[PDB]
Each structure stands twice: as structure tokens, then as C-alpha cells.
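Engineer: JSON, C-alpha atoms and all ligand atoms, saved as run05.json, coming up:
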[["chain", "number", "residue", "atom", "x", "y", "z"],
["A", 1, "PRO", "CA", 101.82, 153.53, 128.01],
["A", 2, "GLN", "CA", 101.30, 153.09, 124.28],
["A", 3, "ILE", "CA", 102.14, 149.64, 122.96],
["A", 4, "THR", "CA", 102.93, 149.14, 119.28],
["A", 5, "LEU", "CA", 102.17, 145.82, 117.61],
["A", 6, "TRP", "CA", 105.38, 145.31, 115.62],
["A", 7, "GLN", "CA", 106.14, 142.56, 118.13],
["A", 8, "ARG", "CA", 103.85, 140.51, 120.39],
["A", 9, "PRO", "CA", 102.54, 142.76, 123.18],
["A", 10, "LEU", "CA", 104.09, 140.87, 126.09],
["A", 11, "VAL", "CA", 104.03, 142.35, 129.58],
["A", 12, "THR", "CA", 104.99, 141.28, 133.09],
["A", 13, "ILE", "CA", 102.17, 140.35, 135.45],
["A", 14, "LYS", "CA", 102.16, 139.51, 139.15],
["A", 15, "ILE", "CA", 99.81, 136.83, 140.43],
["A", 16, "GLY", "CA", 100.02, 134.92, 143.68],
["A", 17, "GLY", "CA", 103.38, 136.49, 144.44],
["A", 18, "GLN", "CA", 104.77, 135.21, 141.15],
["A", 19, "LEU", "CA", 106.08, 137.20, 138.19],
["A", 20, "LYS", "CA", 105.15, 135.93, 134.74],
["A", 21, "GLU", "CA", 105.11, 137.09, 131.13],
["A", 22, "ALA", "CA", 101.71, 137.45, 129.50],
["A", 23, "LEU", "CA", 100.28, 138.53, 126.18],
["A", 24, "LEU", "CA", 97.75, 141.39, 126.06],
["A", 25, "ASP", "CA", 95.20, 139.63, 123.88],
["A", 26, "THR", "CA", 92.16, 141.58, 122.64],
["A", 27, "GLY", "CA", 90.96, 138.45, 120.85],
["A", 28, "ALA", "CA", 90.65, 136.53, 124.11],
["A", 29, "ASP", "CA", 87.37, 136.92, 126.01],
["A", 30, "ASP", "CA", 88.96, 135.71, 129.22],
["A", 31, "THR", "CA", 92.35, 135.36, 130.84],
["A", 32, "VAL", "CA", 94.08, 131.99, 130.73],
["A", 33, "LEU", "CA", 97.39, 131.11, 132.36],
["A", 34, "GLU", "CA", 99.59, 128.03, 132.13],
["A", 35, "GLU", "CA", 99.16, 125.36, 134.82],
["A", 36, "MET", "CA", 99.65, 126.74, 138.32],
["A", 37, "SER", "CA", 98.16, 126.56, 141.79],
["A", 38, "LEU", "CA", 95.66, 129.20, 142.90],
["A", 39, "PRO", "CA", 93.62, 129.59, 146.12],
["A", 40, "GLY", "CA", 89.91, 128.88, 146.35],
["A", 41, "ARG", "CA", 87.59, 126.45, 144.62],
["A", 42, "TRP", "CA", 87.44, 126.22, 140.85],
["A", 43, "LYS", "CA", 84.96, 125.07, 138.23],
["A", 44, "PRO", "CA", 85.82, 123.14, 135.07],
["A", 45, "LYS", "CA", 85.31, 124.93, 131.77],
["A", 46, "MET", "CA", 86.01, 124.33, 128.09],
["A", 47, "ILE", "CA", 87.36, 127.22, 126.03],
["A", 48, "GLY", "CA", 87.79, 127.17, 122.28],
["A", 49, "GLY", "CA", 90.18, 128.99, 120.02],
["A", 50, "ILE", "CA", 92.23, 128.30, 116.93],
["A", 51, "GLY", "CA", 92.81, 124.55, 116.86],
["A", 52, "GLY", "CA", 89.91, 123.53, 119.06],
["A", 53, "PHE", "CA", 88.99, 123.43, 122.74],
["A", 54, "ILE", "CA", 90.99, 122.84, 125.90],
["A", 55, "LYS", "CA", 89.80, 122.07, 129.42],
["A", 56, "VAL", "CA", 90.70, 124.69, 132.01],
["A", 57, "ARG", "CA", 90.05, 125.38, 135.69],
["A", 58, "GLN", "CA", 88.08, 128.54, 136.42],
["A", 59, "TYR", "CA", 89.05, 130.65, 139.44],
["A", 60, "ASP", "CA", 87.04, 133.74, 140.35],
["A", 61, "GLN", "CA", 87.91, 136.97, 142.14],
["A", 62, "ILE", "CA", 91.63, 136.60, 141.48],
["A", 63, "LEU", "CA", 93.90, 139.61, 141.95],
["A", 64, "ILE", "CA", 96.46, 140.32, 139.24],
["A", 65, "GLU", "CA", 98.87, 143.20, 138.74],
["A", 66, "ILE", "CA", 99.39, 144.12, 135.10],
["A", 67, "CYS", "CA", 102.23, 146.57, 134.46],
["A", 68, "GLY", "CA", 101.64, 148.05, 137.89],
["A", 69, "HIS", "CA", 97.85, 148.20, 137.57],
["A", 70, "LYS", "CA", 95.81, 146.10, 140.00],
["A", 71, "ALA", "CA", 92.89, 144.21, 138.52],
["A", 72, "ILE", "CA", 90.44, 141.61, 139.80],
["A", 73, "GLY", "CA", 88.61, 139.03, 137.74],
["A", 74, "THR", "CA", 88.18, 135.45, 136.65],
["A", 75, "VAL", "CA", 91.34, 133.59, 135.71],
["A", 76, "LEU", "CA", 91.39, 130.33, 133.80],
["A", 77, "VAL", "CA", 94.22, 127.85, 134.32],
["A", 78, "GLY", "CA", 95.04, 125.18, 131.78],
["A", 79, "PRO", "CA", 97.30, 123.83, 128.98],
["A", 80, "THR", "CA", 97.56, 127.14, 127.13],
["A", 81, "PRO", "CA", 100.75, 127.60, 125.02],
["A", 82, "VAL", "CA", 101.23, 131.12, 126.36],
["A", 83, "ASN", "CA", 99.86, 133.23, 129.23],
["A", 84, "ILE", "CA", 96.97, 135.34, 127.97],
["A", 85, "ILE", "CA", 95.51, 138.50, 129.48],
["A", 86, "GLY", "CA", 92.02, 138.70, 128.01],
["A", 87, "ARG", "CA", 89.30, 141.33, 127.77],
["A", 88, "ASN", "CA", 87.88, 140.60, 131.23],
["A", 89, "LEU", "CA", 91.03, 142.07, 132.75],
["A", 90, "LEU", "CA", 92.13, 144.44, 129.97],
["A", 91, "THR", "CA", 88.99, 146.49, 130.62],
["A", 92, "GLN", "CA", 89.91, 146.87, 134.29],
["A", 93, "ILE", "CA", 93.23, 148.56, 133.55],
["A", 94, "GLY", "CA", 91.57, 150.83, 131.01],
["A", 95, "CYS", "CA", 93.18, 149.28, 127.96],
["A", 96, "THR", "CA", 91.82, 150.36, 124.58],
["A", 97, "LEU", "CA", 92.70, 149.85, 120.91],
["A", 98, "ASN", "CA", 93.49, 153.02, 118.99],
["A", 99, "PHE", "CA", 94.07, 153.91, 115.34],
["B", 101, "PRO", "CA", 88.88, 155.62, 116.65],
["B", 102, "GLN", "CA", 89.22, 154.39, 120.23],
["B", 103, "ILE", "CA", 87.79, 150.95, 120.89],
["B", 104, "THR", "CA", 87.09, 149.76, 124.43],
["B", 105, "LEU", "CA", 87.06, 146.06, 125.29],
["B", 106, "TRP", "CA", 83.85, 145.55, 127.27],
["B", 107, "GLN", "CA", 82.65, 143.68, 124.18],
["B", 108, "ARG", "CA", 84.57, 141.91, 121.41],
["B", 109, "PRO", "CA", 86.40, 144.43, 119.21],
["B", 110, "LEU", "CA", 84.51, 143.49, 116.06],
["B", 111, "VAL", "CA", 84.75, 145.70, 113.00],
["B", 112, "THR", "CA", 83.59, 145.56, 109.42],
["B", 113, "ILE", "CA", 86.18, 144.68, 106.80],
["B", 114, "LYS", "CA", 85.81, 144.71, 103.05],
["B", 115, "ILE", "CA", 87.58, 142.08, 100.99],
["B", 116, "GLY", "CA", 86.81, 140.88, 97.49],
["B", 117, "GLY", "CA", 84.05, 143.47, 97.33],
["B", 118, "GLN", "CA", 82.23, 141.83, 100.25],
["B", 119, "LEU", "CA", 81.60, 143.08, 103.77],
["B", 120, "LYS", "CA", 82.49, 140.74, 106.62],
["B", 121, "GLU", "CA", 82.85, 141.11, 110.38],
["B", 122, "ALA", "CA", 86.25, 140.48, 111.93],
["B", 123, "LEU", "CA", 87.92, 140.63, 115.32],
["B", 124, "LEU", "CA", 90.81, 143.04, 115.95],
["B", 125, "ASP", "CA", 93.13, 140.59, 117.69],
["B", 126, "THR", "CA", 96.43, 141.68, 119.23],
["B", 127, "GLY", "CA", 97.10, 138.07, 120.25],
["B", 128, "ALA", "CA", 97.17, 136.92, 116.63],
["B", 129, "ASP", "CA", 100.44, 137.28, 114.73],
["B", 130, "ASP", "CA", 98.68, 136.88, 111.40],
["B", 131, "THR", "CA", 95.31, 137.55, 109.82],
["B", 132, "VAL", "CA", 93.10, 134.53, 109.21],
["B", 133, "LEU", "CA", 89.71, 134.50, 107.56],
["B", 134, "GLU", "CA", 86.98, 131.90, 107.23],
["B", 135, "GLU", "CA", 86.80, 129.85, 104.03],
["B", 136, "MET", "CA", 86.46, 132.06, 100.97],
["B", 137, "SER", "CA", 87.80, 132.40, 97.46],
["B", 138, "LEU", "CA", 90.80, 134.66, 96.86],
["B", 139, "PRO", "CA", 92.81, 135.41, 93.68],
["B", 140, "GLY", "CA", 96.21, 133.97, 92.86],
["B", 141, "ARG", "CA", 98.30, 131.09, 94.13],
["B", 142, "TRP", "CA", 98.59, 130.18, 97.78],
["B", 143, "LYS", "CA", 101.32, 128.65, 99.92],
["B", 144, "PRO", "CA", 100.81, 126.31, 102.88],
["B", 145, "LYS", "CA", 101.14, 127.43, 106.48],
["B", 146, "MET", "CA", 100.45, 125.94, 109.89],
["B", 147, "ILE", "CA", 99.32, 128.21, 112.69],
["B", 148, "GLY", "CA", 99.00, 127.29, 116.34],
["B", 149, "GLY", "CA", 96.34, 128.59, 118.68],
["B", 150, "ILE", "CA", 95.14, 127.66, 122.16],
["B", 151, "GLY", "CA", 93.56, 124.41, 120.99],
["B", 152, "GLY", "CA", 96.26, 123.14, 118.67],
["B", 153, "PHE", "CA", 97.27, 123.73, 115.05],
["B", 154, "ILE", "CA", 95.31, 124.17, 111.83],
["B", 155, "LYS", "CA", 96.45, 124.22, 108.23],
["B", 156, "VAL", "CA", 95.64, 127.38, 106.30],
["B", 157, "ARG", "CA", 96.15, 128.73, 102.81],
["B", 158, "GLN", "CA", 98.41, 131.79, 102.56],
["B", 159, "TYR", "CA", 97.67, 134.52, 100.02],
["B", 160, "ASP", "CA", 100.01, 137.46, 99.61],
["B", 161, "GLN", "CA", 99.42, 141.10, 98.65],
["B", 162, "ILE", "CA", 95.67, 140.99, 99.24],
["B", 163, "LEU", "CA", 93.71, 144.24, 99.41],
["B", 164, "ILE", "CA", 91.58, 144.50, 102.54],
["B", 165, "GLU", "CA", 89.77, 147.50, 103.97],
["B", 166, "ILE", "CA", 89.48, 147.60, 107.76],
["B", 167, "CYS", "CA", 87.16, 150.26, 109.20],
["B", 168, "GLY", "CA", 87.74, 152.25, 106.04],
["B", 169, "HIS", "CA", 91.53, 151.94, 106.27],
["B", 170, "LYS", "CA", 93.06, 150.30, 103.20],
["B", 171, "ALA", "CA", 95.69, 147.66, 103.80],
["B", 172, "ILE", "CA", 97.54, 145.33, 101.46],
["B", 173, "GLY", "CA", 99.10, 142.26, 102.98],
["B", 174, "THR", "CA", 99.17, 138.57, 103.69],
["B", 175, "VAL", "CA", 95.87, 136.91, 104.49],
["B", 176, "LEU", "CA", 95.47, 133.34, 105.69],
["B", 177, "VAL", "CA", 92.33, 131.36, 104.89],
["B", 178, "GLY", "CA", 91.26, 128.34, 106.87],
["B", 179, "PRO", "CA", 88.98, 126.70, 109.46],
["B", 180, "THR", "CA", 89.18, 129.57, 111.92],
["B", 181, "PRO", "CA", 86.20, 130.03, 114.30],
["B", 182, "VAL", "CA", 85.98, 133.73, 113.44],
["B", 183, "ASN", "CA", 87.61, 136.22, 111.08],
["B", 184, "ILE", "CA", 90.75, 137.53, 112.75],
["B", 185, "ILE", "CA", 92.72, 140.66, 111.91],
["B", 186, "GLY", "CA", 96.19, 140.04, 113.29],
["B", 187, "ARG", "CA", 99.23, 142.16, 114.01],
["B", 188, "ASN", "CA", 100.48, 142.05, 110.42],
["B", 189, "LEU", "CA", 97.55, 144.27, 109.39],
["B", 190, "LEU", "CA", 96.93, 146.02, 112.71],
["B", 191, "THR", "CA", 100.34, 147.62, 112.21],
["B", 192, "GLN", "CA", 99.38, 148.78, 108.72],
["B", 193, "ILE", "CA", 96.44, 150.77, 110.03],
["B", 194, "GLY", "CA", 98.50, 152.22, 112.87],
["B", 195, "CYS", "CA", 96.69, 150.38, 115.64],
["B", 196, "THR", "CA", 98.16, 150.52, 119.15],
["B", 197, "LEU", "CA", 97.20, 149.32, 122.63],
["B", 198, "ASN", "CA", 96.83, 152.08, 125.24],
["B", 199, "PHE", "CA", 96.21, 152.35, 128.97],
["C", 1, "LIG", "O1", 91.73, 132.02, 120.89],
["C", 1, "LIG", "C1", 91.22, 133.15, 120.97],
["C", 1, "LIG", "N1", 90.15, 133.37, 121.80],
["C", 1, "LIG", "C2", 89.62, 132.31, 122.63],
["C", 1, "LIG", "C3", 89.71, 132.41, 124.06],
["C", 1, "LIG", "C4", 88.52, 132.21, 124.87],
["C", 1, "LIG", "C5", 88.61, 132.30, 126.31],
["C", 1, "LIG", "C6", 89.87, 132.60, 126.93],
["C", 1, "LIG", "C7", 91.05, 132.80, 126.13],
["C", 1, "LIG", "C8", 90.97, 132.71, 124.70],
["C", 1, "LIG", "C9", 91.71, 134.30, 120.11],
["C", 1, "LIG", "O2", 91.48, 133.99, 118.70],
["C", 1, "LIG", "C10", 90.26, 134.60, 118.19],
["C", 1, "LIG", "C11", 88.99, 133.81, 118.48],
["C", 1, "LIG", "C12", 87.84, 134.48, 119.04],
["C", 1, "LIG", "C13", 86.66, 133.72, 119.38],
["C", 1, "LIG", "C14", 86.62, 132.30, 119.15],
["C", 1, "LIG", "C15", 87.76, 131.63, 118.58],
["C", 1, "LIG", "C16", 88.95, 132.37, 118.25],
["C", 1, "LIG", "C17", 93.20, 134.52, 120.42],
["C", 1, "LIG", "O3", 93.53, 135.93, 120.41],
["C", 1, "LIG", "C18", 94.13, 133.85, 119.45],
["C", 1, "LIG", "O4", 94.10, 134.56, 118.18],
["C", 1, "LIG", "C19", 95.55, 133.73, 119.96],
["C", 1, "LIG", "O5", 95.61, 133.05, 121.24],
["C", 1, "LIG", "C20", 96.77, 133.44, 122.02],
["C", 1, "LIG", "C21", 98.04, 132.69, 121.63],
["C", 1, "LIG", "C22", 99.20, 133.42, 121.17],
["C", 1, "LIG", "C23", 100.35, 132.71, 120.69],
["C", 1, "LIG", "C24", 100.36, 131.26, 120.68],
["C", 1, "LIG", "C25", 99.22, 130.53, 121.15],
["C", 1, "LIG", "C26", 98.06, 131.23, 121.63],
["C", 1, "LIG", "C27", 96.19, 132.88, 118.90],
["C", 1, "LIG", "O6", 95.79, 131.73, 118.70],
["C", 1, "LIG", "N2", 97.24, 133.42, 118.18],
["C", 1, "LIG", "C28", 97.91, 132.67, 117.14],
["C", 1, "LIG", "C29", 97.41, 133.03, 115.76],
["C", 1, "LIG", "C30", 96.09, 133.40, 115.32],
["C", 1, "LIG", "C31", 95.87, 133.71, 113.93],
["C", 1, "LIG", "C32", 96.96, 133.65, 112.99],
["C", 1, "LIG", "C33", 98.28, 133.30, 113.42],
["C", 1, "LIG", "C34", 98.50, 132.99, 114.81],
["C", 1, "LIG", "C35", 99.77, 132.61, 115.49],
["C", 1, "LIG", "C36", 99.42, 132.90, 116.97],
["C", 1, "LIG", "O7", 99.71, 134.26, 117.29]]
Using C-alpha cells, write down the structure from this file.
Structural biologist:
Amino acid sequence: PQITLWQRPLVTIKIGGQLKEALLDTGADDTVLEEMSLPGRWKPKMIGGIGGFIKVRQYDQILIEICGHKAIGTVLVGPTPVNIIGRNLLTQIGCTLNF
Amino acid sequence: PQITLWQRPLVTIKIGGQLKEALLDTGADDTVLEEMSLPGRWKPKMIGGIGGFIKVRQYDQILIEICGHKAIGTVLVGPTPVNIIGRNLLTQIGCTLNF
């Protein structure tokens, strides 16, 4: 599909059998979701954006379905204000910016 | 132009007769640039990111060229980690997300 940017580009994602709303964020290097439980071991990481850094848990090889497209990649879990789908997963569904 | 996301979507912008590098960010509602001098009066604004909030200076009707496309809009100036072109200007250049 073609998504305009008049409003925040929010989409539904499926992860761990759960449906959630996430923002397609080209400014985010990685994907970060609000606190939740995921399988496997994780590593602590610090990510920085506007406002400073937050501590998140890094999970690798996680499967996520974005708008019907399956994608696998690293997913960070932490105190993010909104669920963010970053470049690491946007590339997997073939998302590009066009103008 | 079609921009893939394997690397940060950085482009050259021209503002105040100077060239700067900025990130095309669909996750940013507004455009925020690193400290710099701009003409006119400014109004205060608080923007929230993943790490918290920061106070920025808001300038209106500012001319900014993005990848050769001329835009005139609101530009925020503050302690942002990188220059960010947000949805307010992405819409002016006709930028969309596709997959
Ligand atoms: O935070 C960002 N990237 C960091 C990141 C790293 C790893 C994983 C996820 C994100 C990105 O920022 C660019 C950046 C790039 C490199 C270093 C620092 C900043 C995110 O896209 C950033 O621009 C975006 O984060 C998503 C978010 C959306 C809504 C509310 C809270 C978080 C963001 O902070 N957007 C806000 C913003 C930005 C500028 C002007 C107004 C507003 C209001 C909100 O929309």
C-alpha cells in the first residue's frame, strides 16, 4: 500500500500472538515495543532519541507480522511511549520512502 | 526519488543558505534542527521523544530546501541529536511510505 503522512503512519502488527498498534518510523534504527514478555534470552541495551536514553531489553530473531507481511529481526522492549517499527524491520517488508 | 532503508535516510537540506544533513523521519510529527540562528520571533514548544521531553524554539514560515524540493513551514530548533525532517514538511514534498 501507499501510506500518506498527513497523520502518523500507524499500523497493526502481530507479535507473540498479540495484536498491537505500531508506528512505521524511518527515523528509528531499530524496533522498540512497550514492556511485554518475549521468549528467549535478552541482552540489556541503551538507546537514545529525543529527550535522552532509555534502557531496553534486546531480543533477537523475533517474528513479527506487519500489515500481513512476515518479518524477522531484533526487537527491543522497554519504556517507549509508543510502539515503533524501525528500519531493521521496515527493510524486510520492502518499505521505501518516495517523493 | 525512491529511498530504501538499509541505511539511515539522510538527505541534504538547504536552510539559511547553508547545506546540512538531515534525517527523513516518518516518526517525527515536526521538523527539528540542531542549534542555529533563524530570522524572526520564536514561540516555545515542548516535544516528547523516546527519552523524554526537550524544549525547542518554534519558527514559522521558514524556507527550507529538501533534496531540491522547496518547502516553507514551521521549523523547531533545539538540542536534538540530529537534524530531523518531520511529517509537517514530508507532506509538503509529497513524501509517502510504500511497500
Ligand atoms: O528517536 C529516534 N531514533 C532513535 C531510536 C534508536 C533505536 C531504536 C528506536 C529509536 C528518532 O528520532 C531521530 C533520531 C535519530 C538518531 C538519533 C537520535 C534521534 C525517532 O523517529 C523519533 O523522531 C520519534 O520516536 C518515535 C515516537 C513517536 C511519538 C512519540 C514518542 C516517540 C520521535 O521522537 N517523535 C517525536 C518528535 C520528533 C521531532 C519533533 C516532534 C516530535 C513529536 C514526536 O512525533
Engineer: A:15, A:38, A:24, A:32: which is nearest ligand LIG 1 (chain C), counting all atoms listed in the file?
Structural biologist: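 For ligand LIG 1 (chain C), the nearest of the candidates is A:32.
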Engineer: Quick one: residues within 7 Å of ligand LIG 1 (chain C), with only C-alpha atoms and all ligand atoms, as a ChimeraX atom specification?
Structural biologist: /A:25-32,47-50,80-82,84,86 /B:125-132,147-150,180-182,184,186
Engineer: Select residues of chain A: the criterion is any atom within 6 Å of an atom of chain B, counting all atoms listed in the file; output as a list in words.
Structural biologist: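 Listing them in order of chain and number gives residues 1, 2, 3, 4, 5, 25, 26, 27, 49, 50, 51, 52, 53, 54, 80, 87, 91, 94, 95, 96, 97, 98 and 99 of chain A.
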Engineer: Those residues you just picked out, can you put them in a file as a PDB file, in the frame of the given file with C-alpha atoms?
Structural biologist:
ATOM      1  CA  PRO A   1     101.820 153.530 128.010  1.00  0.00           C
ATOM      2  CA  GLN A   2     101.300 153.090 124.280  1.00  0.00           C
ATOM      3  CA  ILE A   3     102.140 149.640 122.960  1.00  0.00           C
ATOM      4  CA  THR A   4     102.930 149.140 119.280  1.00  0.00           C
ATOM      5  CA  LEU A   5     102.170 145.820 117.610  1.00  0.00           C
ATOM      6  CA  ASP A  25      95.200 139.630 123.880  1.00  0.00           C
ATOM      7  CA  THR A  26      92.160 141.580 122.640  1.00  0.00           C
ATOM      8  CA  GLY A  27      90.960 138.450 120.850  1.00  0.00           C
ATOM      9  CA  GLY A  49      90.180 128.990 120.020  1.00  0.00           C
ATOM     10  CA  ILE A  50      92.230 128.300 116.930  1.00  0.00           C
ATOM     11  CA  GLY A  51      92.810 124.550 116.860  1.00  0.00           C
ATOM     12  CA  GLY A  52      89.910 123.530 119.060  1.00  0.00           C
ATOM     13  CA  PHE A  53      88.990 123.430 122.740  1.00  0.00           C
ATOM     14  CA  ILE A  54      90.990 122.840 125.900  1.00  0.00           C
ATOM     15  CA  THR A  80      97.560 127.140 127.130  1.00  0.00           C
ATOM     16  CA  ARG A  87      89.300 141.330 127.770  1.00  0.00           C
ATOM     17  CA  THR A  91      88.990 146.490 130.620  1.00  0.00           C
ATOM     18  CA  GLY A  94      91.570 150.830 131.010  1.00  0.00           C
ATOM     19  CA  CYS A  95      93.180 149.280 127.960  1.00  0.00           C
ATOM     20  CA  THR A  96      91.820 150.360 124.580  1.00  0.00           C
ATOM     21  CA  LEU A  97      92.700 149.850 120.910  1.00  0.00           C
ATOM     22  CA  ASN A  98      93.490 153.020 118.990  1.00  0.00           C
ATOM     23  CA  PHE A  99      94.070 153.910 115.340  1.00  0.00           C
TER      24      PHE A  99
END
Engineer: What does chain B look like after a least-squares fit onto chain A on every Cα paired in order, written as a compact mmCIF listing (two decimals) with C-alpha atoms, in the frame of the given file?
Structural biologist:
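The result, written out as superposed-v1.txt:
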# COMPACT_ATOMS: atom_id res chain seq x y z
CA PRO B 101 101.38 153.40 128.14
CA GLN B 102 101.08 153.01 124.37
CA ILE B 103 102.08 149.63 123.02
CA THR B 104 102.81 149.13 119.32
CA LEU B 105 102.40 145.73 117.68
CA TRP B 106 105.62 145.21 115.71
CA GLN B 107 106.40 142.58 118.35
CA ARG B 108 104.13 140.55 120.62
CA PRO B 109 102.53 142.77 123.27
CA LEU B 110 104.11 140.94 126.19
CA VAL B 111 104.00 142.46 129.65
CA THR B 112 104.94 141.40 133.14
CA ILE B 113 102.12 140.35 135.44
CA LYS B 114 102.29 139.54 139.12
CA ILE B 115 100.09 136.80 140.52
CA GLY B 116 100.51 134.79 143.69
CA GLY B 117 103.57 136.88 144.47
CA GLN B 118 105.32 135.66 141.31
CA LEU B 119 106.29 137.53 138.16
CA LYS B 120 105.25 136.00 134.85
CA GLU B 121 105.14 137.20 131.25
CA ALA B 122 101.78 137.39 129.52
CA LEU B 123 100.32 138.48 126.21
CA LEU B 124 97.81 141.34 126.05
CA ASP B 125 95.28 139.66 123.76
CA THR B 126 92.24 141.50 122.42
CA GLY B 127 91.16 138.31 120.63
CA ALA B 128 90.75 136.44 123.91
CA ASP B 129 87.46 136.84 125.76
CA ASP B 130 88.98 135.50 128.97
CA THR B 131 92.32 135.35 130.73
CA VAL B 132 94.08 132.00 130.72
CA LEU B 133 97.35 131.15 132.41
CA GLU B 134 99.70 128.19 132.23
CA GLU B 135 99.44 125.50 134.91
CA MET B 136 99.90 126.95 138.39
CA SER B 137 98.43 126.72 141.85
CA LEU B 138 95.72 129.19 142.86
CA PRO B 139 93.66 129.52 146.08
CA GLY B 140 90.07 128.42 146.48
CA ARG B 141 87.69 126.19 144.57
CA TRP B 142 87.48 126.12 140.80
CA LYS B 143 84.69 125.47 138.32
CA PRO B 144 85.05 123.77 134.93
CA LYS B 145 85.06 125.66 131.66
CA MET B 146 85.73 124.84 128.02
CA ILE B 147 87.29 127.48 125.81
CA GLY B 148 87.68 127.32 122.06
CA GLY B 149 90.60 128.70 120.12
CA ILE B 150 91.86 128.38 116.55
CA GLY B 151 92.94 124.77 117.02
CA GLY B 152 89.98 123.42 118.95
CA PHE B 153 88.86 123.36 122.58
CA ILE B 154 90.69 122.83 125.87
CA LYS B 155 89.38 122.28 129.36
CA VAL B 156 90.49 124.81 131.95
CA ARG B 157 89.97 125.45 135.64
CA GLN B 158 88.12 128.67 136.49
CA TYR B 159 89.07 130.67 139.58
CA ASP B 160 87.11 133.75 140.57
CA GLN B 161 88.12 136.99 142.31
CA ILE B 162 91.85 136.49 141.80
CA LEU B 163 94.22 139.40 142.38
CA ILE B 164 96.52 140.02 139.43
CA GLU B 165 98.78 142.98 138.73
CA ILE B 166 99.28 143.84 135.06
CA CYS B 167 102.00 146.40 134.29
CA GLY B 168 101.51 147.73 137.79
CA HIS B 169 97.73 148.00 137.41
CA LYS B 170 95.84 145.98 140.01
CA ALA B 171 92.93 143.91 138.79
CA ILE B 172 90.67 141.42 140.53
CA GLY B 173 88.81 138.98 138.34
CA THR B 174 88.30 135.57 136.84
CA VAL B 175 91.40 133.68 135.78
CA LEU B 176 91.39 130.43 133.85
CA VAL B 177 94.21 127.91 134.27
CA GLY B 178 94.98 125.26 131.71
CA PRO B 179 97.16 123.91 128.88
CA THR B 180 97.46 127.23 127.10
CA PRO B 181 100.60 127.77 124.94
CA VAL B 182 101.25 131.14 126.59
CA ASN B 183 99.83 133.27 129.40
CA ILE B 184 96.98 135.33 127.98
CA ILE B 185 95.39 138.45 129.43
CA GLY B 186 91.95 138.62 127.87
CA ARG B 187 89.25 141.24 127.55
CA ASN B 188 87.81 140.55 131.00
CA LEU B 189 90.95 142.07 132.56
CA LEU B 190 91.96 144.38 129.71
CA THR B 191 88.77 146.30 130.47
CA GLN B 192 89.68 146.55 134.15
CA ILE B 193 92.92 148.34 133.37
CA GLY B 194 91.22 150.63 130.87
CA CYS B 195 92.92 149.19 127.81
CA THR B 196 91.67 150.27 124.38
CA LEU B 197 92.65 149.72 120.74
CA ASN B 198 93.51 152.89 118.80
CA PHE B 199 94.35 153.86 115.24
Engineer: If I take CA of residue 133 in chain B and CA of residue 171 in chain B, how far is one from the other in Å, to one decimal?
Structural biologist: 14.9 Å
Engineer: Please, what distance in Å, to one decimal, runs between CA of residue 44 in chain A and CA of residue 22 in chain A?
Structural biologist: 22.1 Å
Engineer: CA of residue 74 in chain A to CA of residue 61 in chain A: how many Å, to one decimal?
Structural biologist: 5.7 Å
Engineer: List the residues sitting within 9 Å of (86.7, 126.4, 144.1) in the file's frame, using all atoms listed in the file, as a PyMOL selection string.
Structural biologist: chain A and resi 39-43+58-60
Engineer: Taking into account all atoms listed in the file, which residue in the set A:56, A:35, A:65, A:77 is nearest to residue 19 in chain A?
Structural biologist: A:65
Engineer: Any chance you could work out the axis-aligned box around range 106-123 of chain B, listed atoms only, 4 Å on each side, giving centre and edge lengths in Å to one decimal, as lines of an AutoDock Vina configuration file?
Structural biologist:
center_x = 84.8
center_y = 143.1
center_z = 112.3
size_x = 14.3
size_y = 13.2
size_z = 37.9
